[PDB]
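Included below are structure tokens for two forms of one protein chain, each presented in isolation as structure 1 and structure 2.
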Structure 1
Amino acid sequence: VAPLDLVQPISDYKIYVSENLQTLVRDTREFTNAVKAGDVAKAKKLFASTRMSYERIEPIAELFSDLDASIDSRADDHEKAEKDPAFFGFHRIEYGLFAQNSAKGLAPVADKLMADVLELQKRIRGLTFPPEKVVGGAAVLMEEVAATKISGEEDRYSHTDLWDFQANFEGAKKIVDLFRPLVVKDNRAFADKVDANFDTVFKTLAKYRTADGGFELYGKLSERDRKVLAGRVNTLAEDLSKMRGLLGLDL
């Protein structure tokens, strides 16, 4: 595998990220408009679905550490937690909507979220994606899910973590799928192993799908459920890290 072989997959990945950002902009528009309108019910219903586009592009959105913190920080990232004036983004609005059942004081937070999302789109549009950051970032993301997100810290008011996880897994799988034509040439066996490993993770989540095809809240996963999921997600981290090496990206 040579550097030139990575150009097309990376170009396809930028398209994938661009498409997700377009969707994120639209969804965030609808979501923040509902928040501003005081429509608590609609805003809550659009919370997880809106965030999926952002969660899908996490392998590289985490590179823009500035916007990522502003858009997606949790309460414990700020001194005064939920009461901190510097606590912005999705989770600040999540606190108001889900824990307090209220849109009060959230309009300025909604404004800033929309502006941060529009800025993120602008930044990524002018960004050249290094293939090592794409593949490696996906590997780090998988470890983050298993080792840091596993107790449901991300969405501690809505408990919509399964939507985030699903989106994270989809975003990492997209990277695997894009590089499969390169990997399959000399490493078909490994290529299928990664597919099988992702399958196992998706099947694991499918157990927590509801009767009507939605997701359960994260509290439905027992301690055993979480430990097992974490172990299976670790294999994804390991697969992507090995894939980086096989693509010649360690030099």
Structure 2
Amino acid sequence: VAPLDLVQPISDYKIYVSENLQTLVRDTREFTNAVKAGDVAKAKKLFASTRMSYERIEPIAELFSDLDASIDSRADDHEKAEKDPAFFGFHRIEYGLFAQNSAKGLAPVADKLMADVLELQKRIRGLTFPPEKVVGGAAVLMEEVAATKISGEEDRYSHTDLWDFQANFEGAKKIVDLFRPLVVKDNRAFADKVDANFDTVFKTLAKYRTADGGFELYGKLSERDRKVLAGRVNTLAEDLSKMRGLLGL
């Protein structure tokens, strides 16, 4: 794959990233202001779907590692866990909303979160996307979805994990789709494989959908169901890992 042939997919991935940030900013506005207005109910129904935008751009969170750890960090990323004042973002607000069932003291965390999403948009505006970090970030995100997220660790309090899994798989697929034209040149069998693998994982999550387009609580998956998904998700990581090889990255 010639270097110049990598320019096209990246710039389209950026438009993609942009549209998700346009959608995130909006949904985070409605979401945060519901939190600050003490409407614990509205904020709970908006939580998972709001994050989908953020969870689809997670294959490149390294390119904004600081805003990542501000927006989407979790309790065990802080030495004082759920009562650490360094804990910010969705999952901090998730604790109050779902676990403790209140909005008390969440107004500060809400505005800071609104700030970070705006700052994330401002960043990516003029941020360049290394192709190996785009493909590589995808493969690893699949690696950690199968290895670590599978535990239910990301949304401890709401158990909205399947929303996030879906958004991760969708964001990762988008990348496979934008690179398929370069890949299919010498590895059509492999491109076809990757599609069928993603298709499998989507068909797997679809068993947990409801008509709204939402998902059952993650607890509802037995530890056997978890291991079956993990195996299917791990296949995705493997492919993205070999896809970046095949493209010369």
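Heads up, when I say rigid core I mean the largest set of C-alphas that superpose within 1.5 Å between the two forms. Counting starts at 1 and follows the sequence of structure 1.
After a rigid core superposition, would you say the CA of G219 moves by 2 angstroms or more between structure 1 and structure 2, or not?
Shift of 2 Å or more: no.
Determine whether the C-alpha of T200 shifts by 2 Å or more between structure 1 and structure 2 once the rigid core is superposed.
No, its C-alpha moves less than 2 Å.
How many Å does the Cα of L63 travel between structure 1 and structure 2 when the structures are matched on their rigid core?
Comparing between structure 1 and structure 2 after core fitting, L63 shifts 2.8 Å at its C-alpha.
What is the magnitude, in angstrom, of the C-alpha shift at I124 between structure 1 and structure 2 when the rigid core serves as the superposition reference?
That residue's C-alpha is offset by 1.0 Å.
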